[PDB]
There are 8 protein chains.
Amino acid sequence: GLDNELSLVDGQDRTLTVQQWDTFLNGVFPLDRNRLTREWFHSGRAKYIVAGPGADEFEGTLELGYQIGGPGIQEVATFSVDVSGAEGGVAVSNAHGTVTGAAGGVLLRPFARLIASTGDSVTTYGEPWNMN
Amino acid sequence: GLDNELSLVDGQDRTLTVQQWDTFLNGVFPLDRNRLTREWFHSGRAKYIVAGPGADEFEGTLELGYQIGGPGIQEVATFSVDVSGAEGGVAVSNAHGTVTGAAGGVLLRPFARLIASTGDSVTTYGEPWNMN
Amino acid sequence: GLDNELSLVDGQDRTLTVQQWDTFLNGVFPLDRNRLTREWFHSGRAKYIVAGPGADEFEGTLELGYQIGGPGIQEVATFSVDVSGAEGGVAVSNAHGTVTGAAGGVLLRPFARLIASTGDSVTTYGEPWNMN
Amino acid sequence: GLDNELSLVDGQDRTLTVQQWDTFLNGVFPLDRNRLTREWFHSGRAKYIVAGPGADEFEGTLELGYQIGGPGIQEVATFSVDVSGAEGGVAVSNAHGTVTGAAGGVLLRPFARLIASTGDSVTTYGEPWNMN
Amino acid sequence: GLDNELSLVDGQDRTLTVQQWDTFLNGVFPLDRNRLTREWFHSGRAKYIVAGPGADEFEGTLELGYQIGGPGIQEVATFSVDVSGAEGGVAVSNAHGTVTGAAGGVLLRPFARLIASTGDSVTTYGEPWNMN
Amino acid sequence: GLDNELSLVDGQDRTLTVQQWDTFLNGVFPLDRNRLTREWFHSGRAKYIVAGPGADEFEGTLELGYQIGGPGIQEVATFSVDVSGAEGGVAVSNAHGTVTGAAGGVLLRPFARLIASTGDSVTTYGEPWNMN
Amino acid sequence: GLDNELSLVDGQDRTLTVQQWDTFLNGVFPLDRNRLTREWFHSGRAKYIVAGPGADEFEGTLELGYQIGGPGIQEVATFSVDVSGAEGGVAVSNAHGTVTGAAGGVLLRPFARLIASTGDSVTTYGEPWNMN
Amino acid sequence: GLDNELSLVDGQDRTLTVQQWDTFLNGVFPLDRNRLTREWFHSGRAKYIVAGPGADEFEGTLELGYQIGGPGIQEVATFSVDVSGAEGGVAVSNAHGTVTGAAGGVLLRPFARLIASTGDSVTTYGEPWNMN
């Protein structure tokens, strides 16, 4: 269910909330049979909520992915999507991810993000999953 | 026939399914006569289904391909295509595939995919074939 | 005449055919006078046939070409063209080809492909020609 | 609360203000476990005010971000957005930053900026945060 | 007069003919005074004729030039133009050609080509001239 | 106040004036702590005036900035904007500027520039600021 | 006066002439004052005439320039312009040319070209000027 | 005042005149403080006049600038602008020019240019200014 959430009061007195549900980063033995290589499958669900003046008429983007820490830090957006209304969620099952040159372990920071067409944004973070 | 399938209850309470059907990964002698080269052709069929609120008005995309595990991990989309309606599925005969630098064998993971215009996606993966 | 053909029943219950006619791959003495160069001319004809529910309302694409095997494996589409209606076909006399770096031997794999705008496709292959 | 602010009387006798609120530069352990990487999270509120003739008909861009100082000087705009009217503001929570090759210590100079469609720009700055 | 010509029975039973008249490849001492350079001037005539159903309303392209062979095999198109009608033809006087690195001779292969808006194509070549 | 100005009688008998006001080049110890780096903040006002026939219908561009002198000479326009009519001007406070490989010293030459839609232009220069 | 000319019976029985009048290639002592450099000023006129069917409705393009023979053979088009009517001409005075790396001397072959919108072209050539 | 002019009787019996007025090329102490470096300011006026049939009907380009002679020959167009009418002219005060690798002296050849939409051009030249 609910893994983590965070709310923020935007610069128009709306209470923006974003949520990270049912996160599962499933590691697998690499298709390339290389010890340096990490492969896994991202599953999970982002939801958002908005309370306050003009909630029912909302215009933002909703995101879900993670950061990879190995040969640096890069961010993967598994999906990134235009939403409207004061509520909603989007779910993913078996997104494919991989990275190589992985010298001694690979950590994965899962996030959920809400971005308003008004520029505002809030993002919630769960605890990293260790890919080794 | 039915090789594999998977379901996701999506973010609007639509039960999304995707099926992988009649897959053949045909390994043949390479046209370039190099021992380092694999050549297959891809055959098979993806099917999707969606029950729930608004099933006969679903918009998304249907894909089918495989991952190449050898010189590294790369995903190949044999086809990728905008669908509509509660059901349907597109089938492929004799895609061409090939790869070189194939230092000892080459593995292949075939996947079928349902992604919706609402951001949600599900992918069904089958068991790898070993070109070698 | 008819060199080869294949048939695929597509995901909307149409019996899709593809034929490959009159093929010639005229190999010739290289204009660069290089022993490592191969120079050739494609001639041939693609045609196709759709039957079953909704045939006179078909949108897809037809192709004719070859893979080149030797320096690597590379696909050349001598022609690639939009098509509509239940039958069609197109022809080529003296298309031009040349490759170099050729470590002795160039094999040639001639094909005809009908692709469907509904994402489906079928492709007929003939027996490789030897350019040396 | 309010961290810093600055006001410019621009080229058409509007007194343009810009403000920087609630600033957290949250330093954390680098996901890549690398001693030469720095990783943080930016959180902040940006506002502007315009007084004077035609204030209610002001067009411009509002921005929040920082400068990174270590491997050189770079500017990062956490956000940058169009604005209309004489008041406005936008807030960001948990934006992710990172930089590497960080040869002893990293400093972060945070700003809020207001640029007018008439070419005028005022930018306010805080005291640098130290990422080590 | 007529050097050569070829006919093709295209995908719609139009008899496509293409012609090449009055060819001259005028080789001359290179403006750079270099042993390794070949310079010349290209003269010739391209003609076509279409026979059968839908002829007098024909859509295609007409081309004239040659292949160069020395440091590789490269096609030059002295002209390429759209045409309509069952008949037509365009001529060229003193086109300019050069190539360098001409490590011992350069051969030139002249062609007239006709291509149809229907995908079908026919091309007639003459025997190579020897710029040396 | 006014730092400097210059005027031109342009090719259509209008007297173009440009002016540079309240220039400040705020040199500060650099954020990268690097002895070859220079960092500063630019603040300033540009104004123009057009006299003569058709003055209330003048169209041009107004620019303000500086040349950087050390690693070479490079021009930076802090801003560049389309203006209309006989009068106007724009202002900038705390714009950010930096440059590295400053092998001993950097000199900064400040300017304001008036460019007319008719191609004409006048540019006034201040005395160089020594960023060391 | 007239330096050179050439006519061609084009592909629609029109009689197309192109002419070259008053050529001058004035060699100067080069501005860089490097003796590998050649520098010059080009002057000339190009005229055309089109007799026969539909002459007064002729649509073409008119070019004039020279080839450079030294580091290789480059084409320079001093001008290239849409002409129309059975008659026309355009003149150039004092165009700049330069080439460097020129290993003892440079030769220049001046040309006048007439290309027609129907794809036909003719081009006349004068005897080369030696630029040393 | 007038530095130089040239006239040309053009392809349509228009006498085209270009003139160069008030030219100043002002060398200064390089801002980069490098004795390999030249830096200057360009000031000047270009004017044109046309007489003959259709003079009020004239469209062209008017340009002013100079060639640089030093690390090579390069032409700088200080302004280049579309004109209409039998008379016109545009002026520039203080344009900035700089060049480096000035391996001893730098000559600047200033020019003014009249280019007709009909293809024709005339360009008047001054005596070079020596940049050291």
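The PDB entry lists chain A under the name MSPA, with Mycobacterium smegmatis given as the organism. In the PDB, the entry goes by the title "Rim domain of main porin from Mycobacteria smegmatis". Under Subunit, UniProt gives the following word-for-word description of chain A: "Forms very stable octamers. Isolated as a 100 kDa complex that can be reduced to monomers upon boiling in 80% dimethyl sulfoxide for 15 minutes. Structures show a goblet with the wide end on the exterior of the outer membrane and a central channel. It is not known if mixed oligomers of MspA with other Msp subunits form in vivo." The Sequence similarities field of the UniProt record for chain A holds the comment "Belongs to the mycobacterial porin (TC 1.B.24) family."

A.B. asks: Explain the pattern of salt bridges to me, please; I cannot follow it from the model alone.
C.D. replies: As a working rule, side chains carrying opposite charge can pair if their charged atoms are close by. Evaluation of the coordinates by the stated rule reveals 34 salt bridges over all chains. Between C:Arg14 and C:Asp10 there is a salt bridge, and its shortest N-O distance comes to 2.8 Å. Across the pair, exposure class does not vary: C:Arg14 and C:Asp10 are buried alike. Residue H:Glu75 is joined to H:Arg113 by a salt bridge in which the shortest nitrogen-to-oxygen separation is 2.7 Å. Of this pair, H:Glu75 sits in strand β5 (residues 73–84) while H:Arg113 sits in strand β7 (residues 107–116), and the two are 38 residues apart along the sequence. The buried category is assigned to H:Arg113, whose relative accessible area is 11%.

A.B. asks: How should the interface of chain F and chain H be read in this particular structure?
C.D. replies: Many descriptions give the size of an interface as the accessible area lost when the pieces come together. Taken together, the contacts link 22 residues of chain F with 20 residues of chain H. Both faces considered, chain F and chain H share a buried interface measuring about 1,500 Å² in area, 59% of it formed by carbon and sulfur atoms. When the buried surface of chain F facing chain H is broken down by residue, F:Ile73, F:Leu107 and F:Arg109 rank first, second and third, together holding 34% of it. Put simply, chain F and chain H have one salt bridge between them. The partner of H:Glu39 in a salt bridge is F:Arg109, and the shortest N-O contact between them spans 2.8 Å. In this structure, the connection of chain F to chain H is made through seven residue pairs in polar contact. Breaking the side of chain F that touches chain H down by element, the ones donating at least two residues are β1 (2–9), β4 (59–69), β7 (107–116) and β8 (121–125) of chain F. In terms of residue class, the side of chain F that touches chain H is built from nine nonpolar, 10 polar and three charged.

A.B. asks: Would you take a moment to explain the packing of aromatic side chains for this structure?
C.D. replies: Aromatic ring pairs are defined here through the distance separating the ring centres and the angle between the ring planes. Per the stated rule, a full pass over the model turns up 40 aromatic pairs over all chains. Ring plane angle 35° and centroid distance 6.1 Å describe the contact between B:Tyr48 and B:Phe58, whose orientation is recorded as tilted. Taken together, the positions of B:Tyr48 in strand β3 (residues 38–51) and B:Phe58 in the loop between β3 and β4 (59–69) put the pair 10 residues apart, joining distant regions of the chain. This pair shows no difference in class: B:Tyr48 is buried, exactly as B:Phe58 is. Taken together, the ring pairs in this structure connect A:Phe41, B:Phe111 and B:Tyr125 into an aromatic cluster. Lying across the ring of E:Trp21, E:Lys47 places its NZ or CZ 3.8 Å from the centre.

A.B. asks: Could you clarify how one ought to interpret the interface of chain G and chain H in this entry?
C.D. replies: If you look at the interface, chain G gives 20 residues, while chain H gives 22 residues. Across the interface of chain G and chain H, roughly 1,500 Å² is buried in total on both sides, 59% from carbon and sulfur atoms. Taken as a group, G:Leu31, G:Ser93 and G:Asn94 account for 37% of the area that chain G buries against chain H, more than any other trio of residues on that side. Viewed at the interface, chain H and chain G are joined by one salt bridge. Where chain G meets chain H, there are seven residue pairs in polar contact. Secondary-structure elements contributing two or more residues to the side of chain G that touches chain H are β3 (38–51), β5 (73–84) and β6 (87–99) of chain G. Looking at which element gives the most residues to the side of chain G that touches chain H, the answer is β6(G), with nine residues. Grouping the amino acids of the side of chain G that touches chain H by side-chain chemistry returns 10 nonpolar, six polar and four charged.

A.B. asks: How should the side chain of B:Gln20 be read in this particular structure?
C.D. replies: Residues and elements named next belong to chain B. Structurally, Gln-20 can be placed in strand β2 (residues 15–28). Look at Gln-20 and you get buried, because its relative accessible area is 1%. Within the local environment of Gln-20, its side chain forms a polar contact with the backbone oxygen of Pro-110, the two atoms lying 3.3 Å apart. Here the side chain of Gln-20 touches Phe-111 through a polar contact of 3.1 Å, landing on its backbone nitrogen. Look past the residues within four positions of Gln-20 in its chain and what remains in contact with it is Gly-1, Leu-2, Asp-3, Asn-4, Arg-45, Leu-64, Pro-110, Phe-111, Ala-112, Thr-124, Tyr-125 and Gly-126.

Definitions and limits used
- Positions are assigned from 1 on a per-chain basis following the written sequence, which can diverge from the numbering of the entry; residues without coordinates are not listed.
- The naming scheme follows written order: chains are lettered A onward, ligands numbered 1 onward.
- Side-chain descriptors were evaluated using all non-hydrogen atoms of the structure, hydrogens and water having been removed beforehand.
- UniProt positions are given in the numbering used here, feature names are shortened, and annotations may be inferred rather than shown by experiment.
- Throughout this description, the term salt bridge denotes a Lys or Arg side-chain nitrogen within 4 Å of a carboxyl oxygen of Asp or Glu.
- Only protein chains enter the area calculation, which uses a 1.4 Å probe; residues under 20% of their type maximum are buried, those over 50% are exposed, and those in between are partly exposed.
- Secondary structure follows DSSP: runs of H or I at least 4 residues long count as helices, runs of E at least 2 residues long count as strands, and numbering of each begins at the N terminus.
- Contacts are assigned to residue pairs with any non-hydrogen atoms lying within 4.5 Å of each other.
- The buried area of a pairing is the accessible area, by a 1.4 Å probe, that goes missing from both parts when the two are put together, added over both.
- Residues adjacent in sequence count toward polar contacts only when both atoms are side-chain atoms; beyond that, a polar contact is any pair of N or O atoms within 3.5 Å, and within protein one must be able to donate a hydrogen and the other to accept it.
- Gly counts as polar in this scheme, as do all residues outside two lists: the nonpolar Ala, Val, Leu, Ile, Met, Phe, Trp, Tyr, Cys and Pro, and the charged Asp, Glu, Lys and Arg.
- Here the aromatic set is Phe, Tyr and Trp, taking the six-membered ring for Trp, and pairing holds for ring centres within 6.5 Å; pairs whose planes are under 30 degrees apart are stacked, those over 60 apart are edge-to-face, and all others are tilted.
- By the criterion adopted, a ring carries a charge over it if an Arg CZ or a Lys NZ lies within 6 Å of its centre and within 35 degrees of its normal.

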